[PDB]
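Notes follow once the structure below has been shown.
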Amino acid sequence: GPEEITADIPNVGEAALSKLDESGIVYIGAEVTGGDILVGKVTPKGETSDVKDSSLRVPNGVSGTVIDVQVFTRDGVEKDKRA
Amino acid sequence: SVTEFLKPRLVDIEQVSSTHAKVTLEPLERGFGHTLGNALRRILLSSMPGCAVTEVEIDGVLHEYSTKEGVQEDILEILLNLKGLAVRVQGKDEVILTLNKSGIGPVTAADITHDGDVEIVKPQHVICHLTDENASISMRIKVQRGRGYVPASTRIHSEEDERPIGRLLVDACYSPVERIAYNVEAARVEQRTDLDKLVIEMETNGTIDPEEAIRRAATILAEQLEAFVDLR
Amino acid sequence: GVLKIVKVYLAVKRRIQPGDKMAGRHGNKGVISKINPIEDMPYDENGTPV
Amino acid sequence: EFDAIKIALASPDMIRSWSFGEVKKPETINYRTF
């Protein structure tokens, strides 16, 4: 199945999702340290919840301030609030 | 000889400018002038308390690496300009000033809202420039009293409620002095020839008086030497 | 095969510190060995440190 | 535990002795279930 970029991620606390917006993308200007979650993504699990966490995270030891977010959407896919 | 040491006294203070100043210590015994001058210069250049800008908050700005519509200077340039602001605080030890400006023109330190305790030494210090009639700037500036150079990276260590998006951290250089020089010359007291007079020239930001700075440096030196007085 | 792409840009202000490599225009290069306090720098008659 | 290493070419019988089974298909992963 497809991979959805949503703000709802399993096995994560509310503190980690505080920086994420309603669309699942980190706010512009937020200061993120190593290990922080930037873009929330869920991948369908095996046939055998049924979703695994494949969200993008800041690499360990990398800090900084989010200054720009660019979203590229293929035609035929509904655009989110950030786009 | 044993008790013949002449105690130096603050003779004359010359204020040639708002920032530049000159102080004189006289009389001084042979050799003591260089020691006192070096100690005072080293203490003053490092451990002089002063007030500096710590945090800034602009309404329309989310982070330093951004721009505001209607201002010529970048947000980073605005923070750098605010870093050099000279402000004296009497008792609060922590002040939050507000700046509001509109219309085309140079926004300087004179546009900061009046507070009774605080005082701006340089009202003509330019902060930014508004290049649009409809452009308006509103800013909150946090001023804190401290000592030495404290970069914002060390201040990041504090973790109470994090920081809201839009609060910009500014490196603080609390030292009010920027240049200290000293020179020993011949002094004339009665009929004694082997006496010295010390002249100390201080260039600061204008937020501290030369006499107060000299008194503070002497107090710090005496407190440090009190450990050697009682060696135990 | 790919539906969406999201790119996030992070800005870091790197300050100078010991170990950083500096150089000149005449082939002279080196690394900062110590960030000495201002009062420890040599100064001229006017008191301006180097 | 061991003192020396012996190297020689392998007979088909010894090769069969090594194997725990016979591979008969080129399929690797179902790609639906892993």
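In the structure tokens, chains take letters A, B, ... by order of appearance, with residues numbered from 1 within each chain and ligands from 1 in the order shown.
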Item to check | Interface residues on chain A facing chain C, 8 Å, only C-alpha atoms, written as an MDAnalysis selection string | outcome: chainID A and resid 38:39 63:74 77
Could you write out that same residue set with N, CA and C atoms as an mmCIF file, in the first residue's frame?
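Okay, this is what ended up in result.cif:
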```cif
data_model
loop_
_atom_site.group_PDB
_atom_site.id
_atom_site.type_symbol
_atom_site.label_atom_id
_atom_site.label_comp_id
_atom_site.auth_asym_id
_atom_site.auth_seq_id
_atom_site.Cartn_x
_atom_site.Cartn_y
_atom_site.Cartn_z
ATOM 1 N N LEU A 38 10.769 15.196 12.571
ATOM 2 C CA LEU A 38 10.476 16.317 11.685
ATOM 3 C C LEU A 38 9.224 16.074 10.849
ATOM 4 N N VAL A 39 9.192 14.972 10.105
ATOM 5 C CA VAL A 39 8.065 14.623 9.248
ATOM 6 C C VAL A 39 7.551 13.259 9.682
ATOM 7 N N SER A 63 22.002 19.587 15.155
ATOM 8 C CA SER A 63 21.056 20.551 15.695
ATOM 9 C C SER A 63 20.739 21.595 14.625
ATOM 10 N N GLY A 64 19.997 22.626 15.021
ATOM 11 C CA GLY A 64 19.673 23.703 14.108
ATOM 12 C C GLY A 64 18.240 24.179 14.203
ATOM 13 N N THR A 65 17.882 25.149 13.366
ATOM 14 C CA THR A 65 16.547 25.727 13.340
ATOM 15 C C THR A 65 15.931 25.496 11.970
ATOM 16 N N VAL A 66 14.682 25.033 11.952
ATOM 17 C CA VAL A 66 13.984 24.801 10.693
ATOM 18 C C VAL A 66 13.662 26.146 10.056
ATOM 19 N N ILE A 67 14.187 26.374 8.855
ATOM 20 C CA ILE A 67 14.012 27.648 8.174
ATOM 21 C C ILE A 67 13.173 27.538 6.907
ATOM 22 N N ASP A 68 13.019 26.346 6.335
ATOM 23 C CA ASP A 68 12.255 26.204 5.106
ATOM 24 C C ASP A 68 11.750 24.775 4.981
ATOM 25 N N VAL A 69 10.519 24.637 4.495
ATOM 26 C CA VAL A 69 9.911 23.343 4.213
ATOM 27 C C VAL A 69 9.330 23.392 2.808
ATOM 28 N N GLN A 70 9.734 22.445 1.966
ATOM 29 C CA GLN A 70 9.280 22.370 0.584
ATOM 30 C C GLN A 70 8.584 21.037 0.356
ATOM 31 N N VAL A 71 7.368 21.087 -0.180
ATOM 32 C CA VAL A 71 6.561 19.895 -0.415
ATOM 33 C C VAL A 71 6.331 19.760 -1.912
ATOM 34 N N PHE A 72 6.723 18.616 -2.467
ATOM 35 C CA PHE A 72 6.467 18.274 -3.860
ATOM 36 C C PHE A 72 5.450 17.143 -3.890
ATOM 37 N N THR A 73 4.331 17.372 -4.573
ATOM 38 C CA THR A 73 3.236 16.417 -4.634
ATOM 39 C C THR A 73 3.009 15.996 -6.078
ATOM 40 N N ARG A 74 2.971 14.687 -6.310
ATOM 41 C CA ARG A 74 2.661 14.171 -7.635
ATOM 42 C C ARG A 74 1.204 14.455 -7.975
ATOM 43 N N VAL A 77 -2.636 13.389 -6.384
ATOM 44 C CA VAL A 77 -2.585 13.189 -4.940
ATOM 45 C C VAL A 77 -3.035 14.477 -4.270
#
```
Check chain A with DSSP on the backbone and list each residue it calls strand (DSSP E or B), as a CSV table (one decimal) with N, CA and C atoms, in the first residue's frame.
```csv
chain,number,residue,atom,x,y,z
A,4,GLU,N,1.5,7.1,3.9
A,4,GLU,CA,0.9,8.3,4.2
A,4,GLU,C,1.7,9.1,5.2
A,5,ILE,N,1.8,10.5,5.0
A,5,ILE,CA,2.5,11.4,5.8
A,5,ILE,C,1.4,12.0,6.7
A,20,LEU,N,5.3,18.9,15.7
A,20,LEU,CA,4.6,18.6,14.5
A,20,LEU,C,3.2,19.4,14.4
A,25,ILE,N,4.1,17.9,9.7
A,25,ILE,CA,5.4,18.5,9.3
A,25,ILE,C,5.8,19.5,10.4
A,26,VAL,N,7.1,19.5,10.7
A,26,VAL,CA,7.6,20.3,11.8
A,26,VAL,C,7.3,21.8,11.4
A,31,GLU,N,13.2,24.8,16.9
A,31,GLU,CA,14.6,24.3,17.2
A,31,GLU,C,14.6,22.9,17.5
A,37,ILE,N,11.7,14.4,15.8
A,37,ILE,CA,10.9,14.0,14.7
A,37,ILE,C,10.5,15.2,13.9
A,38,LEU,N,10.8,15.2,12.6
A,38,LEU,CA,10.5,16.3,11.7
A,38,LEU,C,9.2,16.1,10.8
A,39,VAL,N,9.2,15.0,10.1
A,39,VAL,CA,8.1,14.6,9.2
A,39,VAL,C,7.6,13.3,9.7
A,41,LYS,N,5.7,9.9,9.2
A,41,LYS,CA,5.3,9.0,8.1
A,41,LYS,C,5.1,7.6,8.7
A,42,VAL,N,4.1,6.9,8.1
A,42,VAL,CA,3.7,5.6,8.5
A,42,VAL,C,3.7,4.7,7.3
A,43,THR,N,4.3,3.5,7.4
A,43,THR,CA,4.4,2.5,6.3
A,43,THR,C,3.6,1.3,6.6
A,44,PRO,N,2.7,0.9,5.6
A,44,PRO,CA,1.9,-0.3,5.9
A,44,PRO,C,2.7,-1.5,6.3
A,51,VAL,N,0.6,-0.5,10.9
A,51,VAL,CA,1.5,0.6,10.4
A,51,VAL,C,2.7,0.6,11.3
A,52,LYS,N,3.9,0.8,10.6
A,52,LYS,CA,5.2,0.9,11.2
A,52,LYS,C,5.7,2.3,11.0
A,53,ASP,N,6.5,2.8,12.0
A,53,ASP,CA,7.0,4.1,12.0
A,53,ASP,C,8.2,4.2,11.1
A,56,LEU,N,10.8,10.6,9.3
A,56,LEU,CA,12.1,11.3,9.2
A,56,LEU,C,12.5,11.9,10.5
A,57,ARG,N,13.7,11.7,11.0
A,57,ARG,CA,14.2,12.2,12.2
A,57,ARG,C,15.6,12.9,12.0
A,65,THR,N,17.9,25.1,13.4
A,65,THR,CA,16.5,25.7,13.3
A,65,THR,C,15.9,25.5,12.0
A,66,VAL,N,14.7,25.0,12.0
A,66,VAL,CA,14.0,24.8,10.7
A,66,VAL,C,13.7,26.1,10.1
A,67,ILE,N,14.2,26.4,8.9
A,67,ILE,CA,14.0,27.6,8.2
A,67,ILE,C,13.2,27.5,6.9
A,68,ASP,N,13.0,26.3,6.3
A,68,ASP,CA,12.3,26.2,5.1
A,68,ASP,C,11.8,24.8,5.0
A,69,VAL,N,10.5,24.6,4.5
A,69,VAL,CA,9.9,23.3,4.2
A,69,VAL,C,9.3,23.4,2.8
A,70,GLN,N,9.7,22.4,2.0
A,70,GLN,CA,9.3,22.4,0.6
A,70,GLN,C,8.6,21.0,0.4
A,71,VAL,N,7.4,21.1,-0.2
A,71,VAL,CA,6.6,19.9,-0.4
A,71,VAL,C,6.3,19.8,-1.9
A,72,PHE,N,6.7,18.6,-2.5
A,72,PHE,CA,6.5,18.3,-3.9
A,72,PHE,C,5.4,17.1,-3.9
A,73,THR,N,4.3,17.4,-4.6
A,73,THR,CA,3.2,16.4,-4.6
A,73,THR,C,3.0,16.0,-6.1
```
Checklist entry - Which value, in Å to one decimal, gives the distance between CA of residue 192 (chain B) and CA of residue 1 (chain B)? => result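 If I compute the distance from CA of residue 192 (chain B) to CA of residue 1 (chain B), I get 13.6 Å.
Taking CA of residue 193 (chain B) and CA of residue 215 (chain B) as endpoints, the distance between them is 27.7 Å.
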Next on the checklist: Need the shell around region 41-50 of chain B: protein/DNA/RNA residues with any atom at most 10 Å away, counting only C-alpha atoms. Skip same-chain ones fewer than 4 positions apart. Format as an MDAnalysis selection string?
Outcome noted: (chainID B and resid 35:37 86:89 93 144:149 173:182 200:202 207:208 213:214 216:218 220:221) or (chainID C and resid 37:40 47)
Checklist entry - What is the CA of residue 20 (chain B) to CA of residue 195 (chain B) distance in Å? => result 26.7 Å
Which chain D residues have any atom within 8 Å of an atom of chain A, and for each, what is the nearest pair of atoms with distance in Å to one decimal, counting only C-alpha atoms, rows sorted by chain and number, as JSON lines?
```
{"residue": "D:32", "atom": "CA", "partner": "A:47", "partner_atom": "CA", "distance": 6.9}
{"residue": "D:33", "atom": "CA", "partner": "A:46", "partner_atom": "CA", "distance": 5.5}
{"residue": "D:34", "atom": "CA", "partner": "A:46", "partner_atom": "CA", "distance": 7.1}
```
Output for the residues just chosen: C-alpha atoms as a PDB file, in the first residue's frame:
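The resulting again-v6.pdb:
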```
ATOM      1  CA  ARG D  32       3.765  -9.414  -0.065  1.00  0.00           C
ATOM      2  CA  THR D  33       4.745 -11.094   3.198  1.00  0.00           C
ATOM      3  CA  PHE D  34       8.435 -10.937   4.070  1.00  0.00           C
TER       4      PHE D  34
END
```
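Distances from A:9, A:21, A:32, A:1 to residue 60 (chain A) were compared using only C-alpha atoms, and the smallest one belongs to A:32.
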Sort by chain and increasing residue number a table of all residues of chain B within 6 Å of chain A, each with its closest pair of atoms and their distance in Å to one decimal, counting only C-alpha atoms, and write it as JSON lines.
```
{"residue": "B:62", "atom": "CA", "partner": "A:29", "partner_atom": "CA", "distance": 5.5}
{"residue": "B:63", "atom": "CA", "partner": "A:29", "partner_atom": "CA", "distance": 5.2}
{"residue": "B:165", "atom": "CA", "partner": "A:30", "partner_atom": "CA", "distance": 5.9}
```
Checklist entry - Contacts of residue 11 (chain B) at 7 Å or less, counting only C-alpha atoms, minus same-chain residues fewer than 4 places along, as a PyMOL selection string? => result chain B and resi 24-26
Expected file: the selected residues, N, CA, C and O atoms, as a PDB file, in the first residue's frame:
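To be explicit, this is the file written out as result18.pdb:
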```
ATOM      1  N   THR B  24      43.617  59.200  37.885  1.00  0.00           N
ATOM      2  CA  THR B  24      44.979  59.381  38.371  1.00  0.00           C
ATOM      3  C   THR B  24      45.091  58.875  39.800  1.00  0.00           C
ATOM      4  O   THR B  24      44.260  59.209  40.650  1.00  0.00           O
ATOM      5  N   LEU B  25      46.120  58.071  40.056  1.00  0.00           N
ATOM      6  CA  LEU B  25      46.440  57.566  41.383  1.00  0.00           C
ATOM      7  C   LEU B  25      47.788  58.134  41.800  1.00  0.00           C
ATOM      8  O   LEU B  25      48.775  58.003  41.068  1.00  0.00           O
ATOM      9  N   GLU B  26      47.829  58.762  42.978  1.00  0.00           N
ATOM     10  CA  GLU B  26      49.030  59.453  43.425  1.00  0.00           C
ATOM     11  C   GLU B  26      48.942  59.661  44.925  1.00  0.00           C
ATOM     12  O   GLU B  26      47.859  60.000  45.422  1.00  0.00           O
TER      13      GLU B  26
END
```
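For region 110-196 of chain B, a DSSP pass over the backbone yields helix (DSSP H, G or I) at residues 110, 111, 152, 153, 154 and 155 of chain B.
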Item to check | Close residues, residue 132 (chain B) itself excluded, 12 Å, only C-alpha atoms, min 4 positions apart in chain, as a PyMOL selection string | outcome: chain B and resi 68-72+101-106+136-137
Prev. selection, N, CA and C atoms, output as a PDB file, in the first residue's frame:
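The resulting file, part07.pdb, is reproduced below:
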```
ATOM      1  N   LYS B  68      11.777  40.590   7.322  1.00  0.00           N
ATOM      2  CA  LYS B  68      10.527  41.285   7.588  1.00  0.00           C
ATOM      3  C   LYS B  68      10.248  42.273   6.464  1.00  0.00           C
ATOM      4  N   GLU B  69       8.986  42.359   6.059  1.00  0.00           N
ATOM      5  CA  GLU B  69       8.616  43.254   4.973  1.00  0.00           C
ATOM      6  C   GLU B  69       8.653  44.701   5.445  1.00  0.00           C
ATOM      7  N   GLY B  70       9.417  45.530   4.738  1.00  0.00           N
ATOM      8  CA  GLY B  70       9.504  46.942   5.039  1.00  0.00           C
ATOM      9  C   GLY B  70      10.728  47.374   5.814  1.00  0.00           C
ATOM     10  N   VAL B  71      11.649  46.464   6.118  1.00  0.00           N
ATOM     11  CA  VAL B  71      12.875  46.796   6.831  1.00  0.00           C
ATOM     12  C   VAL B  71      14.061  46.508   5.921  1.00  0.00           C
ATOM     13  N   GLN B  72      15.039  47.417   5.932  1.00  0.00           N
ATOM     14  CA  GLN B  72      16.223  47.233   5.100  1.00  0.00           C
ATOM     15  C   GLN B  72      17.143  46.165   5.674  1.00  0.00           C
ATOM     16  N   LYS B 101       7.606  51.401  16.181  1.00  0.00           N
ATOM     17  CA  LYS B 101       7.923  52.439  15.211  1.00  0.00           C
ATOM     18  C   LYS B 101       7.141  52.195  13.930  1.00  0.00           C
ATOM     19  N   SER B 102       6.885  53.278  13.199  1.00  0.00           N
ATOM     20  CA  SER B 102       6.202  53.202  11.917  1.00  0.00           C
ATOM     21  C   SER B 102       6.677  54.350  11.039  1.00  0.00           C
ATOM     22  N   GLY B 103       6.532  54.168   9.733  1.00  0.00           N
ATOM     23  CA  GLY B 103       6.934  55.174   8.774  1.00  0.00           C
ATOM     24  C   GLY B 103       8.386  55.031   8.349  1.00  0.00           C
ATOM     25  N   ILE B 104       8.703  55.653   7.212  1.00  0.00           N
ATOM     26  CA  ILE B 104      10.052  55.579   6.664  1.00  0.00           C
ATOM     27  C   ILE B 104      11.008  56.355   7.557  1.00  0.00           C
ATOM     28  N   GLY B 105      12.123  55.725   7.916  1.00  0.00           N
ATOM     29  CA  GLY B 105      13.128  56.373   8.722  1.00  0.00           C
ATOM     30  C   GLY B 105      14.008  55.395   9.471  1.00  0.00           C
ATOM     31  N   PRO B 106      15.097  55.901  10.056  1.00  0.00           N
ATOM     32  CA  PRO B 106      15.989  55.044  10.850  1.00  0.00           C
ATOM     33  C   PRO B 106      15.436  54.852  12.255  1.00  0.00           C
ATOM     34  N   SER B 136       5.628  48.762   9.798  1.00  0.00           N
ATOM     35  CA  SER B 136       5.598  48.996  11.233  1.00  0.00           C
ATOM     36  C   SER B 136       6.380  47.894  11.928  1.00  0.00           C
ATOM     37  N   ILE B 137       7.151  48.271  12.944  1.00  0.00           N
ATOM     38  CA  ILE B 137       7.962  47.333  13.707  1.00  0.00           C
ATOM     39  C   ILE B 137       7.560  47.414  15.174  1.00  0.00           C
TER      40      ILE B 137
END
```
